[PDB]
Structures are given as C-alpha cells and as structure tokens.
Amino acid sequence: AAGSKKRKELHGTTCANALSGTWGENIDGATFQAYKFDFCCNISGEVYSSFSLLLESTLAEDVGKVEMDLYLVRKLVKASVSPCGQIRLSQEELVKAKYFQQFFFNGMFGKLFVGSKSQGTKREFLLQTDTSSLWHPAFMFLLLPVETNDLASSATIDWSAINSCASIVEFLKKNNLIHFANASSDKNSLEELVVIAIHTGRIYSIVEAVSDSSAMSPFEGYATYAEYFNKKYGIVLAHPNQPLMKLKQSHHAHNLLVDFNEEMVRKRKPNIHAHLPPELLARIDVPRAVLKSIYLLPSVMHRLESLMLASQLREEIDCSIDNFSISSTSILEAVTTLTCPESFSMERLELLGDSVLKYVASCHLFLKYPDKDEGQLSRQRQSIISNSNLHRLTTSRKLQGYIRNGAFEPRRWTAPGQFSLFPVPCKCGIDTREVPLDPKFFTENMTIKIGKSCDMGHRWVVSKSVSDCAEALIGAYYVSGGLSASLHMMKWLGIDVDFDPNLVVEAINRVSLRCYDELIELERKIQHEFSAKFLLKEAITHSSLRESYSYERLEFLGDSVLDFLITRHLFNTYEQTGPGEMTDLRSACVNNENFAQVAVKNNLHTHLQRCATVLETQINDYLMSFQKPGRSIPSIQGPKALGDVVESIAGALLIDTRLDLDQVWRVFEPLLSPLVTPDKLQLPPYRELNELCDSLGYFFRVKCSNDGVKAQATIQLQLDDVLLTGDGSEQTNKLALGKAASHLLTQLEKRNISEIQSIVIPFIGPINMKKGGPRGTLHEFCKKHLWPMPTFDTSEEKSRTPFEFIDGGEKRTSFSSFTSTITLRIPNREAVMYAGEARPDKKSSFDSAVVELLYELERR
RNA sequence: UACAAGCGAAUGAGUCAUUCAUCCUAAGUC
RNA sequence: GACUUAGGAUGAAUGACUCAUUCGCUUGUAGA
Ligand SMILES: [Ca+2]
Ligand SMILES: [Ca+2]
Ligand SMILES: [Zn+2]
C-alpha cells in the first residue's frame with residue numbers, strides 16, 4: 001500500500017495560529033479586538049442576548065463577515081458577526097472578566113466544586129486553587145456579554161452583569177417574609193430569575209411558581225425535604241420556609257449546527273423540574289437571555305474556528321493573486337471528508353479536479369516531448385496523476401493537518417476556563433502534536449476508530465483522504481478562478497507545468513511544405529475556418545499510409561481534453577447529483593461506440609484514409625447494421641478505430657486555437673447535440689439486469705462459449721414459478737452476453753416488473769457459526785441452486801422487568817427476547833415455515849431461525 | 001431537552017471480508 | 001478472439017465491525 005484505502009496512519013492537527021499567541025498579564029494593560037455576536041430567530045421564540053468575542057489578533061475580513069443558521073429543536077436561528085472596532089481593558093476589569101467565563105462555562109459544563117466527599121472530606125471552589133493550567137496558551141477568547149439596547153450602536157459590555165458575577169464569586173470565596181442567601185429579594189415576582197446552589201454546584205436556570213408548600217413537605221424513601229438535607233448533606237434548614245422554589249435545570253451542548261432529523265421522529269418530553277429551599281440559593285443579578293445564549297456559543301465557534309484554518313491555508317499558497325480571490329467557505333468544504341457529517345463533503349470537487357489534473361498533465365507531456373510516442377507518454381502521465389504520487393506531495397507540504405475526518409462530539413470542546421470532565425489521555429507515545437512519518441505509525445488493521453481525536457491532536461486517517469485532498473484544492477481553484485488559477489496550485493504542490501513552448505510544433509509542421517482539395521469538404525461539417533490545413537490533415541491518417549505522422553498522439557490529447565470538457569459541462573448544470581451518478585452520465589457521453597455513432601451521423605468517416613482491408617469490411621458491416629428510426633441505432637458495436645476520429649479532431653483544433661479551450665466547446669456542441677440527461681439515461685443492459693435481479697431477490701446463472709468468430713451466450717433466470725431463457729451471439733462476446741441480457745430484459749419487462757443434506761439430492765456444506773455463519777451458507781446455497789431469497793419475519797417483544805434471561809456462554813441479561821419465523825420459497829413445491837426461540841438480537845434471532853429450518857429440512 | 005455508564009431497535013455514512021460487473025488510457029502472453 | 005497485470009473514476013447483493021442524530025428500558029449520581 002502507498003495511499004490506498006487500507007493503510008491508516010496518524011497525522012497531527014493544526015492549531016488556529018490566528019487565535020492567540022501571548023497574553024497581556026505581564027504588561028498589566030491589554031488591548032483587544034471586538035467581534036459582535038447577534039442572533040436573529042425565524043420562529044418568534046425568545047430574544048437572544050448578544051455577545052462579543054475578543055482576541056489579540058485580528059481576522060482576515062472574510063471570516064469577520066459570515067452568516068450562519070442554527071437548528072435548535074424545530075426553530076431556526078440565524079447568526080452573524082459584523083465586527084465593532086477595538087476595546088481597551090484595564091487590570092481590574094480584566095480580572096473581573098476572567099471570573100465571568102470561569103463561572104458560567106464551569107456552571108453548565110462541568111463542576112466547580114472540585115472535592116470528593118467520599119474519598120477525603122475536603123472540597124474546593126476551583127477558583128481558589130491554582131488555575132491558568134486549563135487556559136494552556138494556544139486558545140484564548142474571553143467572550144463577553146453585550147447589552148442589546150441600541151440607539152444607533154451598542155458596543156457596551158453590560159458591566160452590571162460582570163460586577164454581579166464577580167460579586168457572587170467573591171461571596172463564594174468567603175462563604176413580607178423573603179430570604180435568599182446574600183439577597184432578601186422581592187416576594188412580589190420571582191419569575192425568570194437565576195440562582196446558584198451552595199451545597200452543590202450546578203447554577204440553575206429559571207425559577208418560577210412559588211408553590212403552596214413548606215420545607216416540611218412530602219418527598220416523592222424520605223419523608224420531607226428537611227430530613228433529606230439533614231441526612232444527605234448534614235445541613236439543617238435555617239428557616240421553616242413557607243415558600244419553596246421549583247426550577248428548570250441545565251443540560252449540555254447538543255451540536256446545534258447541522259439539521260440531523262428536523263428536515264431528515266423527535267417526540268419531545270415535558271421538562272423535568274427540581275426543588276430546593278430558597279436559603280440554599282444565592283442570587284445572581286444577571287439576565288436570563290445571557291443564560292439561554294450560552295448554548296449557542298460552542299456551535300458557532302466551531303464554524304468560526306474552522307474558517308480560520310480555511311483562511312490560514314488560503315494565505316499559505318498564494319504569493320501573487322492574478323484575480324483569483326476565493327471565498328473562505330469554499331476552502332472549508334474542499335477539505336472535509338465524507339466521514340464528517342455535514343452538507344457538502346469534497347467528493348464533488350474531487351471528480352472535477354482529477355480531470356483538470358489529467359488534462360494539464362496530458363497537454364504538458366505532449367508539448368514537452370514532441371518526439372515521444374503515445375504509449376511512452378501515457379506511462380509518464382501515469383506517473384504524475386497517480387494516487388500515490390499525490391500522497392508524496394501532499395504530506396510533504398504539511399497539508400495533512402487540515403483534513404478534518406471528525407465527528408464533532410460537542411461534549412468535550414476544550415474552552416479557555418473549563419475544567420473538562422471528559423479527558424481521553426494520550427497513550428500515543430510522543431508528546432509533540434505532529435507525528436513524523438514512520439512505519440510504526442502506519443497500519444493495516446481494523447477495530448480502530450477513524451477520526452477520533454486524542455488530547456494532543458492525533459487521529460487515524462484513511463490515507464485516501466489525504467491523497468485526494470490535493471485534487472479537491474485544484475478543483476476549488478478552478479470553479480472560482482480560471483484555468484490559470486489552478487496552474488498556481490499545481491505549482492505549489494510540485495507538479496511540473498510548462499505551458500510556454502506551444503509554438504514550435506505547428507512551426508515545424510508548417511515548414512514541411514513540399515516534402516511530406518479533399519480537405520475542403522471536411523471543414524464544412526466541422527463549422528470552423530481552421531488556421532492550419534496541415535494539422536487537420538495530420539489527425540486523419542489511420543496508419544495504413546505508414547507516414548511518419550501518426551493520429552494516436554492527437555487522440556491521446558483529445559480524449560483527455562474531451563473528458564475535461566464533458567465533466568465541466570456536467571458539473572455546472574446538475575448541482576445535486578453526486579459522483580456515482582455523474583460518472584454514469586460521463587460514461588454515457590465518452591462511450592467509445594457513442595463516438596463511432598457520432599462520426600457516421602455527421603458523415604465525417606468517409607474522409608478517413610485507410611488501406612487495411614480487415615477494417616474496411618467492418619465499416620461496411622457497421623453502416624449496414626444501422627436501422628431506420630427517433631435515431632438510427634446500430635445492430636453491433638463495430639470498430640474502435642472509427643470512433644478515434646472525433647477524438648483526434650479535438651486535439652488538432654486545440655493546437656490551432658493555441659491552447660484556448662472555450663473555442664473547442666463551441667465546435668463540439670453542435671456535433672454532440674443530443675447530450676445525455678439523467679431521466680433519459682439508459683444503462684448498458686447487463687449491468688442494469690444485474691442490478692435489477694439483485695434488487696428483487698431472484699438469481700440467474702450464465703453460460704458463455706467463444707466457439708469461433710461467432711460467439712453466443714445464454715442466460716437462464718429463475719422466477720418464483722417459471723424459468724426464462726435469453727439467446728445472444730456477437731463477434732466480441734463481451735457484449736454479446738449483454739445483448740442476450742437485453743433480449744431477456746425486454747421479455748421480463750412484459751410481466752410488469754422493472755455435511756448435512758438438503759431434501760434429497762443437493763448437498764449442504766459444513767455449517768458455520770459466529771453471528772454470520774448460517775445466513776452466509778444459506779445465501780451461497782441459494783446462489784448455486786437457483787432458488788429465490790427467503791424473507792425473514794420477526795415478532796418483537798418487550799419486558800419491563802429488569803431481566804430477560806437467555807442462556808449461552810455468558811449470562812447475557814437483556815430486555816428483548818426476539819424470535820423469528822421465516823419462509824423459504826422453493827420452486828415447484830410448497831413454501832416452508834418454521835421459527836427459532838432464543839438469543840435477543842435481531843440478527844441472532846434470524847440466525848437461530850436459519851439453523852432450525854435447516855434441521856427441519858433434513859427430515860423431509 | 002438534569003448528568004454519566006450498559007443492553008436493544010430504526011435511519012444514514014465509512015472501512016473490511018467473500019463473488020459478480022460498467023467506462024475510458026496503456027502493456028504482455030497464447 | 002481468450003487470459004493476466006499496471007494506472008485513474010465507480011456501482012450492486014449478503015455478512016461482521018465503527019461513528020453520527022433520535023427513541024424504549026436498567027443500575028448509579030455532593031441531581032431532586
Ligand atoms: Ca479520488
Ligand atoms: Ca481511443
Ligand atoms: Zn496522542
């Protein structure tokens with residue numbers, strides 16, 4: 001392996017490098033750059049309070065103007081940035097700003113009472129202890145709230161919120177009838193207030209509904225709340241507490257960035273409340289919208305972080321823009337591979353970029369080597385465009401860091417001031433985040449997680465993902481720049497490109513005057529003036545003439561440039577079709593018999609000079625094989641030397657228009673006028689027969705005999721009741737079987753569809769086990785003996801009792817107890833049904849039913 | 001959408017194993 | 001005409017894993 005799909009290896013991630021490099025705690029006066037965070041909601045819902053995120057570095061003015069949408073539950077919330085100036089923070093204001101982020105991001109995410117009551121009875125506050133280790137100088141933010149009240153502009157930081165948060169922090173550092181901790185409050189209205197508990201952490205959301213209940217009120221193995229806090233914490237309540245608070249508690253982050261299931265069921269549940277006495281509660285004077293808006297931040301900052309790695313790569317290729325200035329949101333989905341769940345995932349750019357690279361390499365090797373023959377050029381073109389050579393060029397330029405295999409679990413998300421309750425420790429060995437390449441880190445082994453991240457940044461890469469990412473970057477620079485834009489990217493990676501000497505070939509051909517008209521009639525049908533008469537004449541001579549000039553080198557250039565034209569034509573018109581259907585639509589146009597069908601339709605084949613009489617009989621056979629229309633389809637496939645003519649035309653006029661490429665598509669558009677469209681697309685018939693028979697569940701066997709010049713083949717299919725046959729003979733025999741397949745398929749369309757023994761004579765092999773065995777043996781047995789597929793029916797069971805006991809090697813507790821009864825339709829007999837009993841898996845229930853029907857099938 | 005862990009089902013992707021293909025560019029043997 | 005290998009762009013059936021979002025149940029939680 002050298003870049004295939006089985007070799008897997010580590011690669012290190014890359015930090016943002018525009019996020020932070022240092023901090024102003026030495027100079028004791030620090031200046032920041034501000035970036036607004038406003039939220040606009042589609043559903044009316046609730047008005048989200050704004051934020052601002054600070055840095056030391058500024059942004060690249062395309063990241064600083066971004067619009068994104070967030071899919072919360074059913075509502076859709078938009079988000080934007082729109083930067084606002086600068087800001088200068090004094091020392092004590094910088095100390096108040098740190099406790100805010102260390103209090104809220106440790107409130108809903110993690111715990112801020114680090115101390116075990118069970119291990120050793122000592123509890124801390126997490127802010128008394130030695131912090132700044134968590135910051136780990138590589139990530140720096142200081143997100144701050146903003147008062148959204150604006151006359152024209154609101155650059156305020158809402159300092160009452162920061163002072164209240166710092167006041168309750170220093171309070172917990174020290175540690176009619178109404179009573180909180182620290183605040184008496186107002187008995188009148190206490191809705192939408194925000195509290196903290198003192199005996200535990202977990203700052204709470206909206207308190208509401210002061211209910212007619214005491215602290216001595218029935219719990220629902222405890223009688224009242226008072227004995228519960230007397231027992232579980234050893235805390236007596238200072239007041240009898242005729243009021244009592246119920247409140248909504250705080251969940252975690254949910255990856256509210258991609259609509260997984262809203263637009264494709266989520267049966268929502270009522271909200272689980274909690275109760276606490278009010279004298280265990282200390283009051284914060286912060287608003288509630290700033291508490292509802294915390295959940296929106298670890299979804300927006302992963303976009304804003306993934307766009308910084310986009311703009312860092314964009315400024316790393318370029319030394320001189322021609323006019324190409326592409327969006328940073330197109331670098332982002334040119335690198336993210338398909339394992340990351342997102343909208344667009346770089347395969348669609350890759351299908352374009354491979355053909356761009358093939359075209360540039362083919363015309364470059366044509367123009368550099370005028371003396372070298374066709375097969376020797378295709379080997380050097382095989383050396384450059386290969387999928388192992390790009391792996392040598394990609395990881396040498398350190399592009400492997402940005403590859404984003406990813407899953408984006410949002411639960412970890414290492415913040416600046418977060419304690420991060422979910423660590424996965426480094427068992428990888430080395431401590432630097434980037435790995436050097438060595439066969440210790442290469443592997444060919446399953447049962448390992450692809451894309452899962454270590455703390456330092458390591459992850460396994462499929463190594464096809466790093467090899468085709470060089471092709472997608474070429475594609476991205478083509479769709480937003482021009483062809484001259486994607487010449488600089490091939491100049492970056494080290495692929496040699498030399499488009500200057502395109503004069504000398506036509507020069508040495510047009511000084512071939514008198515050594516070594518009928519060419520007039522060819523230019524009527526091409527609809528082109530043609531600057532050089534000799535170049536057009538050169539792309540005609542078969543090889544029968546035995547002249548020094550050849551027409552297969554221009555064919556080598558022409559198939560490449562025509563592949564690139566057809567694959568850039570399909571890329572713009574159909575925006576939604578992936579690479580699996582686009583490859584089929586491209587194979588419909590560059591089919592080699594399709595080009596033979598075009599060269600006869602425009603009556604261009606008669607200009608071909610040839611002396612091989614073996615070929616001449618095939619032309620006479622092929623043109624008489626045409627039928628009347630609708631178009632005239634051929635009876636046989638015919639020659640490949642006739643279809644190479646229209647490919648050789650695409651190379652000659654390319655040189656005569658001097659490497660211009662919009663002119664050649666102006667010529668071949670009227671010649672190719674019935675271009676294919678995905679509804680009218682007709683698969684080659686044997687492939688469609690195979691993909692039809694595998695879909696329904698019917699099996700067929702094939703027979704082939706290349707007896708003489710005439711080759712015939714028969715296909716026998718097995719339906720549920722009747723067998724079907726198809727005959728077919730052709731000289732090649734590769735397609736003759738496809739013609740027999742089409743003869744059977746038009747018939748099959750008329751029925752409106754588009755160790756142990758067997759019963760007596762057939763013989764089952766030795767039985768297999770381990771979760772997939774007998775279904776595999778039964779499937780291979782149904783493939784050999786032409787039977788249809790069995791259909792499995794199950795019966796789902798549920799037990800609320802906390803044991804469903806099924807035997808085996810282990811005890812195997814469960815909750816399922818599945819059992820399944822199947823039917824096996826055997827031709828010209830009756831259907832047979834039987835059931836298994838045990839083993840609470842769907843698949844293992846199917847397996848037990850297979851074993852039971854094979855034991856019943858023996859005694860019959 | 002209180003949190004963590006385990007068992008089960010549905011949907012969608014990725015890799016692997018076995019056996020059959022479609023399309024183009026080259027090469028060798030009989 | 002047969003077969004094999006090298007290079008790039010792909011698809012279908014059956015089976016095992018892994019990840020992603022949601023749902024039912026169970027033990028535990030300085031959760032109530
Ligand atoms: Ca590829
Ligand atoms: Ca050809
Ligand atoms: Zn590691």
# chains A, B, ... in the order shown; residues from 1 in each chain; ligands from 1
>>> interface_residues(of="chain A", to="chain B", cutoff="6 Å", atoms="only C-alpha atoms (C1' of nucleotides)", output="JSON list (two decimals) with N, CA and C atoms, in the first residue's frame")
[["chain", "number", "residue", "atom", "x", "y", "z"],
["A", 249, "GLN", "N", -33.53, 22.89, 35.35],
["A", 249, "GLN", "CA", -32.09, 22.68, 35.46],
["A", 249, "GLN", "C", -31.45, 22.53, 34.08],
["A", 339, "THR", "N", -16.60, 11.33, 6.11],
["A", 339, "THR", "CA", -16.94, 10.78, 7.42],
["A", 339, "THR", "C", -17.49, 11.86, 8.35],
["A", 375, "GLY", "N", 2.37, 5.51, -26.28],
["A", 375, "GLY", "CA", 2.38, 4.63, -25.13],
["A", 375, "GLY", "C", 3.45, 5.00, -24.12],
["A", 587, "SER", "N", -19.90, 8.50, -18.54],
["A", 587, "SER", "CA", -19.61, 7.30, -19.31],
["A", 587, "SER", "C", -20.61, 7.11, -20.44],
["A", 814, "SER", "N", -30.71, -9.07, 29.21],
["A", 814, "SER", "CA", -31.21, -8.28, 28.10],
["A", 814, "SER", "C", -32.62, -7.81, 28.41]]
>>> interface_residues(of="chain A", to="chain C", cutoff="6 Å", atoms="only C-alpha atoms (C1' of nucleotides)", output="NGL selection string")
:A and (200 or 260 or 266 or 274 or 382 or 691 or 694 or 772)
>>> residues_around(residues="range 344-352 of chain A", least_positions_apart="4", cutoff="7 Å", atoms="only C-alpha atoms (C1' of nucleotides)", output="PyMOL selection string")
chain A and resi 333-338+356+468+471-472+475-476+567-568+578-579
>>> residues_around(residues="residue 588 in chain A", least_positions_apart="2", cutoff="10 Å", atoms="only C-alpha atoms (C1' of nucleotides)", output="PyMOL selection string")
(chain A and resi 582-586+590-594+675-677+681-684) or (chain B and resi 23)
>>> atom_distance(atom1="CA of residue 211 in chain A", atom2="CA of residue 275 in chain A")
10.5 Å
>>> residues_near_ligand(ligand="ligand 3", cutoff="9 Å", atoms="only C-alpha atoms (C1' of nucleotides) and all ligand atoms", output="VMD selection string")
chain A and resid 10 12 425 to 433 453 to 459
>>> residues_near_ligand(ligand="ligand 2", cutoff="9 Å", atoms="only C-alpha atoms (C1' of nucleotides) and all ligand atoms", output="MDAnalysis selection string")
(chainID A and resid 552 555:556 558:559 592 640:641 643:645 647:648) or (chainID B and resid 24:25)
>>> residues_around(residues="residue 271 in chain A", least_positions_apart="2", cutoff="9 Å", atoms="only C-alpha atoms (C1' of nucleotides)", output="VMD selection string")
(chain A and resid 248 269 273) or (chain B and resid 1)
>>> residues_around(residues="range 787-790 of chain A", least_positions_apart="4", cutoff="12 Å", atoms="only C-alpha atoms (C1' of nucleotides)", output="MDAnalysis selection string")
(chainID A and resid 693:701 717:723 775 778:783 821:829 831:834 846 849:850 853) or (chainID C and resid 13:14)
>>> atom_distance(atom1="CA of residue 707 in chain A", atom2="CA of residue 597 in chain A")
28.6 Å
